[PDB]
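Residue-level structure breakdown
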Amino acid sequence: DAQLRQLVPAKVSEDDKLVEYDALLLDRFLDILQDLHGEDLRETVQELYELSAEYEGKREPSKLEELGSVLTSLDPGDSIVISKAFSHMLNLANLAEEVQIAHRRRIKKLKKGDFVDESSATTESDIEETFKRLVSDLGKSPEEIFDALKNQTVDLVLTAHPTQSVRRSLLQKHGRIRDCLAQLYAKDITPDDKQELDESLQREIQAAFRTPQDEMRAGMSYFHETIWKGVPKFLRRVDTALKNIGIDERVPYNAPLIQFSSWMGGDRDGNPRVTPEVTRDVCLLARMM
Amino acid sequence: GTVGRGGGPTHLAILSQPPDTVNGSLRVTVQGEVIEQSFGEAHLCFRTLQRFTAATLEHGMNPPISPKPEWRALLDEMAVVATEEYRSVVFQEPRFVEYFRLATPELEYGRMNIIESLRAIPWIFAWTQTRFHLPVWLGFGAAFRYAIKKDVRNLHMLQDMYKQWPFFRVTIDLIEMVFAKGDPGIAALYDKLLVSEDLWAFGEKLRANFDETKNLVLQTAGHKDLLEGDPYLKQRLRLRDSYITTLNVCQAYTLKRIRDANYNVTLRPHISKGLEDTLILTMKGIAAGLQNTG
Amino acid sequence: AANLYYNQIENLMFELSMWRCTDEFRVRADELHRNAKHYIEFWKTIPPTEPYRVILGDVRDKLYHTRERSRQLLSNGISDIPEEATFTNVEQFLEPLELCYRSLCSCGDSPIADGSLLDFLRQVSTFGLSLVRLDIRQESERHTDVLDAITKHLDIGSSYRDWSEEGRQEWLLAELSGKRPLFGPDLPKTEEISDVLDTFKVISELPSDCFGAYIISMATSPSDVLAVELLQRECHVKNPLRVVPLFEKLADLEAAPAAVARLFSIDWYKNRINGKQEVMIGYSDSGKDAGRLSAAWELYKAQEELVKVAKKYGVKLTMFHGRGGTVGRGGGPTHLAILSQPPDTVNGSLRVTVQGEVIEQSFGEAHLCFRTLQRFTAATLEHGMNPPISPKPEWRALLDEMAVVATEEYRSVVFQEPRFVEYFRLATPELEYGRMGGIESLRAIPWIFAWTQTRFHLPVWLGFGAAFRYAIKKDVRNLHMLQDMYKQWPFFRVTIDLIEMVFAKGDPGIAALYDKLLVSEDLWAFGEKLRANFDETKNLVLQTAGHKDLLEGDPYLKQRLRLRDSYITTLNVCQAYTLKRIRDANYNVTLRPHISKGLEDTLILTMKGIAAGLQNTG
Ligand SMILES: N[C@@H](CC(=O)O)C(=O)O
Ligand SMILES: N[C@@H](CC(=O)O)C(=O)O
């Protein structure tokens, strides 16, 4: 299970659980692999994993050739299963990262008090910390901050995924995996709750494992999952930060502080598949959504 | 760009914009390979919206320092040197394109899957796949080497720039992130399997460039190791590498099995209860594993 | 100390037989006729007609009891002698002596007072009750470990080691500003952590006259100093030791002035230090990081900058010179070395390491001892009223450039050559020094020791070669500038003089012998390259000095070294072959039948003999 622990021997924060998340996900996925394709398949996948984890430990080129002698001996059908498996393991590792990042508690005494703090989420200023530095270090007034805020726009332009457009229902499966991971390590979790969260996690891992208009609909998937509700949640936080520097007004609700744009079905540069009809379609799709 | 990294690095990237280039109006591409990390999880979405909003507001009530005259002058010269080296490899080597078509899956990307004539996304994609990342770092090596030879005090000036000038710090930080996603040993494997022997010397020359450039980048950043200042990112990348390495080896041999009609393999009897489908799976998985570079 | 005073006080008694004294003195001697048991020669009952003997006889009794109480407390932890029967502070000791002094002077006997009694008063004032003040030194990281265990036990999501420098300062200053105790036996302690805290405990229980500076090795940051200040207070050191950062690496020196300025700007620390600060530099330490030339020039400049910081904040700065510098040579060369300090870096307060390999030459013979005290005292006084010339702008610029070249050459050999440590372990008795990481983790003393033994001295000269070569190539008139600097600039002249002295102790032929017998032949090309560097570096040093031969300007030292060499060479040859006989199980020798009436013992003898022969280098 561990060996991961040998890849990454130290914790990076006291609430660092990333190795544990990965060991858990890997352990359950391998059981699922065995259930679906047999113990021999599972043992081969497990062998390849050990070989490449050994490679990460010292980076001997001979370990890559051991990897190759196994991989090159696989017929096409086994090659698909193995490459699917390691792709899915990567997806699970990224879900674990997201959970870890989402719940890494802020340590204020990690801040250096300079601009390098802004290169990491562990030290960057949130919106109120930004307000407070502008007031105390730059002598800006809360009215000046409020006035600039009212007139500002952040415009985020969504572009298509260059390799994989992920459908909304897969995103939901991924969110349930994340939710199970987060709850499984909660403080006073009951044994039966934990048992049921484990069984839920196993079934969602398995469910997940098993045209320009299409690309656009896929790419519009983040609005319903997070952005639709995320935008007013953050704007409410700006209001809270405003009160805490002495501005009792909320940000006016029609101020375009945040806007979203899109290239999906509009960028025809070197892409004859983006036709005038594609453009009409994505405009109607967006309005329907 | 550095503003396209998402995560925390985007925050300083925005603040590092030249003074008065934001002025209350930020317009930024959210790259497809980054959108899941930027918006997939609700807390991360909130924090993406927050850092764009906060950095936009702060910039231009708080522009970054303007570069010292000697910093300007050194970069003006380094830019000439770096462009010359980059162009001498990418456009003026008569066999570069040939090597490019062998050493990377670029042709197989460009018949499915989504040099002056090549689009930028395939250019970045091809060298990302083989963990070599030539488009991102090529030219830094000659530039840094030139600068330290030109005047021995430029070593210390480059380090002051990295410490003091947000533009230069975020520029180096991105190179360092991409080097941490690189492995010239895996690139060498693509050469061994896919590149004719008369081009192996060329490939090895590029990898010596990779290594020298990496060390010049580390020296400018004051780091003994990659991502020394970011152990959180270093941990995340380390935990990805095993799965990506497996897909790399699989992709390299699969490409040889697809391309070379005379490459003989001994199959083992079927284990599980086209090779192109495998190639496609390795491309999607490797890209998912490496996300944003340059 | 008590024994030395006790073996001297009877001589004062014998001599001060006078009967004339002041009314105050008579009063004091009349009492003491009832508030000679223990004595060395002076056995008789002291009559009241000898008042000075009555006073001094009571001092003798206190000194005996002081000596014996310390002997018992040391030997069996316990003493039946009450502290009130002893001298526990130097004021108690000085009082009756100064009484004797003023009484004699008041009665017309000031010539007598200015004899042995004055000598004795100066001894008490010089040596106190301890002879020496003891410095305590410990690594910064060991203090960080203590504070990490303490904060981790607070269970607040993170601990001291995680925090940024600014975060650490914030926590330290809130602790220091507050009244809340830091401790309780509620603390899980490792061995090392108990050692740190028990060290402070021992300090807290002993007289404050016993101690000098608390030195922090590998110091970088204000928190390093505040951490010790906090731990001293919380371990109940009632009179805390002054805290002295030792900045070792070149990057640490570059950051030292801003670190010291931050400390001085902190109200609690400013109040704590009462207008005084000591900072330690370590020449051998910094030369191991970056090469000797670059360490020497960066140390010159770091002291310039520290003086500016000290002046801005109104603090009296004392520089503590650690081993390896020109001030550590002893003899005459030390005199110019002190005078060569940057302006205002001395300011009436010189603190210098007396290296163990130099102490015999500095103090063993009574005339040399006198002349050592004299040159330290004379040069210290002169420097404050006669600073050396400040360098010309072009000298600084050239040195700024040479330092980059020299460090690059030094580090390319010592840290970048993949097989350097391998070669180092073979060509050198370094591993055998320890028996009885790489170079970064290796201490500075073994580093210098190892190459001293083979007469190669690589740590001292490596990097001067590339630097001089670069300078001469860059502009043909730099050779004349380097020679003008040697002629006109004390800092540059003493720097080069030390290098020339070390070359005079070197022999690449002997070093080549160690290679032949001990180094894999695949590394013989490497050693040969180093020896070619040795020779080129030596000749460029000689060119800078305007010398055709080593020590051309010092025939006295040249004669001395030449007369040692034949014995040292014998020990070198013996050590090289003895190392081969110890290491290589396949090395065959034909013994001759035993001549006179383990090989490890011979190895040890050669190492001690060679070190005694070569004394100080870098
Ligand atoms: N987006 C991260 C890297 C990654 O997640 O692949 C960064 O730019 O630092
Ligand atoms: N201490 C002498 C040399 C020696 O006696 O070995 C010097 O520094 O010149």
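Below, the structure is looked at part by part.

Conventions adopted
Residues numbered from 1 in each chain as written, not as in the entry; some residues may be left out. Chains lettered and ligands numbered in written order. Part of a larger assembly, values for the part shown. Heavy atoms only, no water. Near = heavy atom within 4 Å. Polar contact = N/O pair within 3.5 Å; in protein donor to acceptor, adjacent residues only side chain to side chain. Areas by Shrake-Rupley, 256 points an atom, 1.4 Å probe, with all protein chains shown as cover. Helix = DSSP H or I, 4+ residues; strand = E, 2+ residues; numbered from the N terminus. Nonpolar A, V, L, I, M, F, W, Y, C, P; charged D, E, K, R; others polar. Expected span 1.5 Å × (residues − 1). Buried < 20%, exposed > 50% of the residue type's maximum accessible area, 1.4 Å probe, protein only. Contact = heavy atoms within 4.5 Å. Buried area = accessible area lost by both parts, 1.4 Å probe. Salt bridge = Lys/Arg side-chain N within 4 Å of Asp/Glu carboxyl O. Pairing = 2+ DSSP bridges. Arc of directions from axis to C-beta. Patch = residues over 30% accessible without salt bridge, like charges linked within 9 Å, V, L, I, M, F, W, Y side chains within 5 Å. Axes fitted to C-alpha atoms, helices over the stretch in contact; angles between N-to-C directions. Parallel < 35°, antiparallel > 145°, perpendicular 65-115°, else oblique. Left-handed = near helix turned anticlockwise from the far one by under 90°.

1. Thoughts on the site of ligand 1
All names here are of chain B. Surrounding ligand 1, one finds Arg5, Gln37, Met177, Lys181, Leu233, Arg236, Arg240, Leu290, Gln291 and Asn292. Between an oxygen atom of ligand 1 and a side-chain N or O atom of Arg5, the distance comes to 2.6 Å. Within the contact set of ligand 1, an oxygen atom lies 2.8 Å away from a side-chain nitrogen or oxygen of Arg240. When isolated, ligand 1 has an accessible area of 270 Å², and the protein chains bury 97% of it. For the shell around ligand 1, the leading source of residues is helix α14 (residues 231-259), giving three residues. Here the shell around ligand 1 is composed, by residue class, of three nonpolar, three polar and four charged.

2. Examining the site of ligand 2
Residue and element names in this part refer to chain C. What surrounds ligand 2 is the set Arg329, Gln361, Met501, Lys505, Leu557, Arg560, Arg564, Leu614, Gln615 and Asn616. At 2.9 Å, a side-chain N or O of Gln361 approaches an oxygen atom of ligand 2. At a separation of 2.8 Å, an oxygen atom of ligand 2 approaches a polar side-chain atom of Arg564. By residue number, the principal contributor to the shell around ligand 2 is helix α27 (residues 555-583), which donates three residues. Partitioned by chemical class, the residues of the shell around ligand 2 number three nonpolar, three polar and four charged.

3. Here we look at helix α2 (residues 18-37) of chain A
All names here are of chain A. Given a rise of 1.5 Å per residue, 20 residues ought to cover 28 Å, and the 28 Å separating the end C-alpha atoms of α2 matches this to within 8%. Of all 20 residues making up α2, 14 are buried, and the element is well covered by its neighbours. Of the residues trailing α2, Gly38 is marked for its positive phi of about 105°.

4. Focus: the interface of chain A and chain B
Contacts between the two partners involve 109 residues from chain A, matched on the other side by 95 residues from chain B. At the boundary of chain A with chain B, total buried surface from both sides reaches about 9100 Å², with 61% on carbon and sulfur atoms. Where chain A packs against chain B, one counts ten salt bridges. Between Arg236(B) and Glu97(A) there is a salt bridge, with its nearest N and O atoms 2.9 Å apart. Scanning the region where chain A abuts chain B turns up 49 residue pairs in polar contact. The biggest single contributor to the side of chain A that touches chain B is helix α5 (residues 76-102) of chain A, with 19 residues. Per-class residue counts for the side of chain A that touches chain B are 52 nonpolar, 32 polar and 25 charged. As paired elements, strand β1 (residues 153-158) of chain A and strand β1 (residues 25-30) of chain B share six bridges and run parallel to each other. What sits directly across from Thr153(A), in β1(B), is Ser25(B).

5. What about the sheet that holds strand β2 (residues 211-217) of chain C?
Residues and elements named next belong to chain C. The parallel open sheet is built from six strands, whose spatial order is β1-β2-β3-β4-β5-β6. A strand with exactly one partner marks an edge of an open sheet, and here the two such strands are β1 (134-139) and β6 (351-352). Where strand β3 (residues 242-247) and strand β4 (residues 276-281) come together, two bridges link them in parallel fashion. Paired with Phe247 across the strands is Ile281, a residue of β4.

6. A word on helix α5 (residues 96-103) of chain B
Residues and elements named next belong to chain B. Here α5 has its buried residues at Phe96, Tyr99, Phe100 and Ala103. For α5, the buried positions fall inside an angular range of 105° around the axis, keeping them on one side. Residues of α5 that are buried sit in contact with α4 (69-90), α6 (106-109), α7 (120-129), α8 (134-137), α12 (184-194) and α13 (200-221).

7. Looking at a nonpolar patch on the surface
All names here are of chain C. Together, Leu4, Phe127, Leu131 and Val132 make up a nonpolar patch on the protein surface, roughly 380 Å² of accessible area in all. Tracing the sequence through the fold places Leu131 in the loop between α5 (110-127) and β1. Overall, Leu131 belongs to the partly exposed group, its relative accessible area being 35%.

8. Description of the packing of helix α11 (residues 166-180) of chain B against α13(B)
How two helices sit against one another is set out by the angle between their axes and by the gap between those axes. Residues and elements named next belong to chain B. Across the interface, α11 lies against α13 with an axial gap of 10 Å and an inter-helix angle of 140°. On the basis of their axis angle, the class for α11 and α13 is oblique. Our pair here, α11 against α13, has a crossing hand that is left-handed. Of the residues in α13, those touching α11 at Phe168, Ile172, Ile175, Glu176 and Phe179 are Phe210, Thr213, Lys214, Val217, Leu218, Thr220 and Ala221. Taken together, the residues of the contact of α11 with α13 sort by class into eight nonpolar, two polar and two charged.

9. A few points about the pattern of salt bridges
It is possible for side chains bearing opposite charge to pair when their charged atoms get close. Within the structure shown, the criterion is met by 79 salt bridges over all chains. Here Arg102(C) and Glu24(C) are joined by a salt bridge, their closest N and O atoms 3.0 Å apart. With relative accessibility at 39%, the residue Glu24(C) sits in the partly exposed group. Across the salt bridge formed by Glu68(C) and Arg67(C), the nearest N and O atoms sit 2.5 Å from each other. Exposure remark for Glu68(C): the relative accessible area of 8% places this residue in the buried category. For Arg67(C), a relative accessible area of 22% corresponds to the partly exposed category. When salt bridges with common partners are traced through the structure, they connect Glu56(A), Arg59(A), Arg131(B), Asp183(B) and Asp241(B) into a single cluster.

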